[PDB]
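Chemist: Please work out how this folds:
(7 chains, ligands or ions: 4)
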Amino acid sequence: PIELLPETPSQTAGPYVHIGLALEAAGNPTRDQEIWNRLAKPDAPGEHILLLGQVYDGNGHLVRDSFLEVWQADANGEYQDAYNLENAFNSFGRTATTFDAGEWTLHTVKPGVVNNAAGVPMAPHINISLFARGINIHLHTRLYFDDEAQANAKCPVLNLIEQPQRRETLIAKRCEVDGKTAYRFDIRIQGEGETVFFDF
Amino acid sequence: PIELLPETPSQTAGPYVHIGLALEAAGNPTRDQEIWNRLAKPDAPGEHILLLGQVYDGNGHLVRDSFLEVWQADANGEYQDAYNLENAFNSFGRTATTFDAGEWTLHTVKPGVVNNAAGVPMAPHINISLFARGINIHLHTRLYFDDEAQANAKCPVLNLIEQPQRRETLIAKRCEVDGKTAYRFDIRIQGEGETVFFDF
Amino acid sequence: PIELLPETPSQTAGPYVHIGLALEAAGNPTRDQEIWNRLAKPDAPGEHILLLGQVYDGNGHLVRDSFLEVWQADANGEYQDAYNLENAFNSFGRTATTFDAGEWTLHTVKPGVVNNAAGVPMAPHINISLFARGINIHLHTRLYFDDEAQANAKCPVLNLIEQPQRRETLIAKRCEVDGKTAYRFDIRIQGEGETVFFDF
Amino acid sequence: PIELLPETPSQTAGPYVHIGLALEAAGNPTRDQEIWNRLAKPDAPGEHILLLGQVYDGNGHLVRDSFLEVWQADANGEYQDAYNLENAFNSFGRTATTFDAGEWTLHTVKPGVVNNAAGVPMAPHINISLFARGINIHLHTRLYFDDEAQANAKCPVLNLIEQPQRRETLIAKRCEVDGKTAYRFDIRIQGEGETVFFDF
Amino acid sequence: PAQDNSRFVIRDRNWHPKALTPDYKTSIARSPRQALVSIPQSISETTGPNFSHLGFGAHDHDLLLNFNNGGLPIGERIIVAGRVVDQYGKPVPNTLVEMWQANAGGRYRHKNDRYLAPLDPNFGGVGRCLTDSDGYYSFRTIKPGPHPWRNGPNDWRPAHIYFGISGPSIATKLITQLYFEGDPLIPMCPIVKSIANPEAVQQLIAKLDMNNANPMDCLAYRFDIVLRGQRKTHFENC
Amino acid sequence: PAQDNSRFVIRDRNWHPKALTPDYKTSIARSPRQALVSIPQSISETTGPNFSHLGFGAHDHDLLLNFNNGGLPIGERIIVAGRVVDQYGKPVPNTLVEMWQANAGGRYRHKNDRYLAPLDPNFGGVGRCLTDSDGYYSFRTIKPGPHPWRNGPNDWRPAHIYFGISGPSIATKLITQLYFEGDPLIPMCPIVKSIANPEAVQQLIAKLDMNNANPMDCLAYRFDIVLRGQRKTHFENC
Amino acid sequence: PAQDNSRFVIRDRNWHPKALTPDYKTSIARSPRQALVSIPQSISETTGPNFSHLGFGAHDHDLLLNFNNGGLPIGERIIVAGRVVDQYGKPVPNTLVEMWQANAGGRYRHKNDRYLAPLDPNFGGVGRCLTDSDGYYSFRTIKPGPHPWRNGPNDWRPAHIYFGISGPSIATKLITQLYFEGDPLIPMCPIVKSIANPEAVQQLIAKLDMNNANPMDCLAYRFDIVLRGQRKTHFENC
Ligand SMILES: [Fe+3]
Ligand SMILES: [Fe+3]
Ligand SMILES: [Fe+3]
Ligand SMILES: [Fe+3]
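Modeler: Residues are numbered from 1 along each chain as shown, chains lettered A, B, ... in the order given. Ligands and ions are numbered 1, 2, ... in the order given. See below for the structure:
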């Protein structure tokens, strides 16, 4: 058969990933421009939301060295790829769990609906990639919203998860943190309540 | 050493097994004669019973596409191998889980006692072979009866299972379905309460 | 793919074929029973006919060392495989061309119609196999009759010959020899008027 | 020595060529635009002519399944390569033998003179490529005109054919079809009167 | 009735695929985590159904004719034939061979298959027969097409026909899959690769069999099946 | 108009099949017995039609949709794609690629084909396209089935698609046949074997191309085509 | 009467010698130039004579005794024996095997042979027999000598015995030549070399068979013969 050049193989991001990719989180000096966890400035259109979560291993213990990358549509359902710190909104961000701060946070807006390649609407979601010591190739998942039950039930991506119980692992829980709208999204890498991870 | 011709290797029966082996269930027309789940005519000697069960994977979820073959002595402890739809009793039959509820059923008689090769009586049992998508080589088990506790305690096959707790997984529970004597035999392929599977 | 034992390869019957297979024609003593050119005794049912012919090479020169075997139905269209010199009719015979007698002859009856494997009638024919010096594997042909034009035009075997002109090479010419019905069938191995040869 | 990538090897166009390249002839519906045998609109400059011919195998039998491509200068000696069904003249066309009569036809104009690479005029000619079942790589030839005898005698391509007798095989015969000027160009693939075929 | 009068050579469960073969994703949750428990052969295991008295329809072995809704199925006409023997080379006569498959485009006639390739109105995809007195079986069918499935993101089964064989006892009964000589999907398939030993995989590849073809009609493939060796009992209980 | 401004590398007529290949029976009477006459390249041979202004229908390259009589054709959904380059490796853009084939069962939609395998009411078997500006072409179709033919008594063509490619001149134009990776009929076919060199035969075998497949939809095969090398003229007439 | 109930595996005409093998000079004018026409097997081709009731003389298989003119023939006393089977390995019982040969000096008992080596007054060179119920035949003879022939200017046939075998049908009937293990003339002979495949040539070389020799009496050679495989019809006319 036709064999292309093989992809460079993945390796773990290791225990010190934050020195390269999360400088403030590493407690190290930052450069003038950093890619971090504030996707939306106050002036961005849409519903401003705080996202937060913890990451657990297969023994139910906190992962205190994770690194997360996120990719989401703006409130209108458009992906904005022109990354610029001057923008009121960027579709891309980074966050982390650390020894001092085991709960990651993101400051963003709720994403609008995006159609799949067949033109079927997907429920509002944030794409997440998870990296850490012990993780040889990053884990892909999606954060959906518990206040989008009707859309979630019809999402062509959630519906590819064979078991309804596992679909529940991708639904973040609305709450309030310091008087602002928030959603909690915990990830369980292994075992009881294991978060669904995707391949694509 | 002496090496015979190797056996043809097993493969999974796949998710569409029912189109070759359970035609009614595939949603398809049947042939004049099918091998199915009614082992006994009403005139067959012995105690007429319903067997039923559900099959669970390692996550506790129903296996909705399983296919089961059974082999049992008649009420007089005789294996009837000359398969015929006109027989009062067939020792062989087939069943499959319903896709909605996942429950298989068999209509039969309670098997009589047969001896092992050393002449020791085995407790009344049904030999079962389980096939499905995800199962690369079929799983062998035995269904014994909870109202045969004295015979079960002395069965030379049950006593080959090292742990009493695991022996309990092979004991079907007497119940009533539509007011008729039945025994329920659930199979757990993996994990908590995992059913004993045999090699021979 | 599946490869069977290979067939023993053919070789030419050579210049002295008659010493083994045509003893009288070789001018050598015969044994008590010989397989020769009289398929029909006078008492055989059907139309008694003489067949005769010459064999030519690619330069139009007579082949004076050929050996021919023939296989034909009786007048009723039945093949008679129980070869016996006592029989009024045998379906099998042998003839030859020699230095002294360059024209072979056969004494037989006109064969009846035989259906092909699809049940379609073939025109009356004699199957011929031709052997000689210079012929590495024997050549198969058929002798049909010029007074069977309607049947010949419908024969499923003649109709597999793509060109009508080549079909004419298999049609023997009715004549009279010493006041008896005869057909002449010349074979041209190569070149102008080349006789159709079959593979099956 | 220097060895380039090898050319993809030819194979026969097969007996069903017409379904890909001569759709009308396959007995099939045509597409909106087809490349076919009318090279000239009525307004095309020059002398409008019909070309026709039959194709013979080595046994003198019609080749009923042949497919021909032609390439010729327009009346002004220009090769029109920008193929378009709206053009007054196309230098390229296609034709095929009818299955009953075996005769192909082309509607065109008489080509004007073009020079060879050394600047020597070639006599008016049509370049032809012949494809069919049994032809493993197409045969190239040229059709010249019998009323251009002076030009033909001086053509540097015709004079590369060593024997005058073979040059005659490329000379089409002026005739009249339905009262209109035509030239007949029969091709004999093999044997007596074998048509000259070129390599270049 | 049936009697206990033979023993069957123990299976090599490293020649068969193991239960847990995670690249075949559904096997992860449908594989036991505890060891199988070995038990000695008794009459329960060394006997099984014989199907000599099962009534077969005229076309049960002929998939070109057994789902006839006005025409022939579309696709590559093939005979699939072979012999069932045991590990000692002994033929297994009068044994039940069942087979099922997708159509020429890889679509199954099953309510749960929603692959976009169309059903064939004249193809059902199921056959059965008994081996003859010399151990040979024969079916006529259409070569199935490969078909995609929800495993990895671009996984495709090679062309395959499912087989079930009863044999002399419940100890010999087997389900397997037949693949076809040369199919470039075979080395890539995680279900084929559930079998760890490459020589075992070769045992599932049917060979083109021109000797068994009907000229101008259908091709043929040969698939021989080997069931566990059967021997008489010896020196037992003494 | 066209101008003479290039030369084409001379064909290797021992790499191509020869005319007389008697195991392919029809070649015996349809092969010249006289030698071909070599002639130098002139404008007549070094020019040819360009089809940039030919009007193509929307589905001309898509055999799953171009003979639509109410449904999809039955059989293995495949993309057949590749690149046309010359012997120097240069892409051949905006060139005409035509293809035709039998259906999934080896039956041709031609009045002269009476093979008993049925026609498919939604399959015609003809495609065309132009290569793009980088030399690439693409078709979507059904994998054709093998089919018997009246050569020897049990001869079968491997699965094959006929290709015609125009290229820059009448000197480059080619008809060939594409075969499929692993097909066990390839080594047995007298038409394949008209090509004497085994390495040349390999050039006609399309490779399975999983990278180009549409998951849950269709597989893909890659078939690259090499036309005669084209060079500028040099040192002529001096 | 005879019935059509079997089919015979198609011949490999590249395993057999081709018709035109010009180093064997007589083949040049005695080879058809048109292709053979393939036809399907019918009762005409799949039946043939059975010679069970042909009457054999007591010495028809024993060339040491069947031309007795007062003494034994001069030359190497040998048994020539073997089995006739078909390509599936099935024995061919009660089949007619005829053989003929030159004497110990390469001289044939035919008026057309004027080779200067003398005739042997007690040797005729002709044998026949039927294979037994297990497919075995046996002759006793003198090993034939090589002989010169008018092909090239110094051509010599290896020692050889001609064989004719009927088999079950006119489709199986064969004439061939047996050669002898080690004969240095075999690689040089243009008749042997009419067979293109060297493996096929090896099939014609009889092996010295000391196991079958009579001590102090005669040696023995083994020559097994394989006729076309015979199978039952299947799936015809449906
Ligand atoms: Fe490190
Ligand atoms: Fe499948
Ligand atoms: Fe000789
Ligand atoms: Fe074809």
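
Chemist: Isn't residue A:46 up against residue A:74?
Modeler: Yes: counting by CB atoms under 8 Å, residue A:74 is a contact partner of residue A:46 at 6.8 Å. For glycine as for every other residue, the C-beta is placed from the backbone atoms N, C-alpha and C.

Chemist: Can you check which residues contact both of the two?
Modeler: In terms of CB atoms under 8 Å, 6 or more residues apart in numbering or on different chains, residue A:46 and residue A:74 are both contacted by the residues A:89, A:109, A:112.

Chemist: so what's the second one closest to, chain neighbours aside?
Modeler: The reference is to residue A:109. Counting by CB to CB, 6 or more residues apart in numbering or on different chains, residue A:109 lies nearest to residue A:46, which is 3.5 Å off, once chain neighbours are set aside.

Chemist: any idea how far chain B is from the residue of chain E found nearest chain D?
Modeler: As assessed by CB to the nearest CB, chain D sits closest to residue E:216 within chain E, at 15.0 Å. Going from residue E:216 to chain B by CB to the nearest CB, to the nearest Å gives 30 Å.

Chemist: Stretch A:72-82: end-to-end distance?
Modeler: 13 Å (CA to CA, to the nearest Å).

Chemist: The residue in chain E that chain F sits nearest to - how many residues pack around it?
Modeler: Of all residues in chain E, the one sitting closest to chain F is residue E:182 (3.1 Å; CB to the nearest CB). As a burial measure, residue E:182 scores 17 neighbours (other CB atoms under 10 Å in any protein chain shown).

Chemist: Now do the contacts for the nearest residue to the residue of chain E closest to chain D once chain neighbours are set aside.
Modeler: Nearest residue to residue E:216, sequence neighbours excluded (CB to CB, 6+ apart): residue F:148, at 4.7 Å. For residue F:148, the contacting residues are E:215, E:216, E:217, F:106, F:115, F:154, F:155, F:156, F:157, by CB under 8 Å, 6+ apart.

Chemist: what's the answer for residue E:151, then?
Modeler: E:23, E:24, E:25, E:26, E:190.

Chemist: Give me the helices and strands touching the helix or strand containing residue A:20, please.
Modeler: Residue A:20 is part of helix A:17-21, with elements assigned from DSSP states H and E. Contacts defined by 3 or more CB pairs under 8 Å, 6 or more residues apart in numbering or on different chains; DSSP states H and E place helix A:17-21 against strand A:67-72.

Chemist: got the contact list for the strand it packs on?
Modeler: A:13, A:17-18, A:21-22, A:39, A:79, A:91-96, A:104, A:106, A:108, A:111, A:125-132.

Chemist: Of the shared contacts of residue A:46 and residue A:74, just the buried ones, ChimeraX syntax please.
Modeler: Buried residues within the shared contacts of residue A:46 and residue A:74, by 16 or more other CB atoms under 10 Å in any protein chain shown, are selected in ChimeraX with:
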select /A:89,109
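
Chemist: which residues in chain A form strands?
Modeler: Assigned by DSSP state E, the strands in chain A fall at A:48-53, A:55-56, A:67-72, A:92-96, A:104-109, A:114-115, A:121-122, A:126-131, A:139-145, A:171-177, A:180-184, A:187-188.

Chemist: need the strands for chain E, in chain order.
Modeler: E:6-8, E:37-38, E:77-86, E:96-100, E:126-130, E:136-142, E:147-149, E:155-157, E:160-165, E:174-180, E:205-208, E:219-222, E:225-227, E:230-232.

Chemist: Contacts for the fourth one, please.
Modeler: Spelled out, that is strand E:96-100. Residues contacting strand E:96-100 (CB under 8 Å, 6+ apart): B:16-17, B:19-21, E:49, E:51, E:54, E:80, E:84, E:125-131, E:137, E:139, E:141, E:161-166, E:178, E:225.

Chemist: Just the buried subset of those residues, please.
Modeler: B:16-17, B:19-21, E:49, E:51, E:54, E:80, E:84, E:125-131, E:137, E:139, E:141, E:161-166, E:178, E:225.

Chemist: hang on, residue E:68 packs against residue E:122?
Modeler: Yes: if you go by CB under 8 Å, residue E:68 and residue E:122 touch, sitting 6.2 Å apart.

Chemist: which one is the spatially most central residue of chain A nearest to, not counting chain neighbours?
Modeler: Closest residue to the average C-alpha location of chain A: residue A:128 at 3.0 Å, with CA atoms, centre = their mean. Sequence neighbours aside, residue A:141 is the residue nearest to residue A:128 in space, at 5.0 Å (criterion: CB to CB, 6+ apart).
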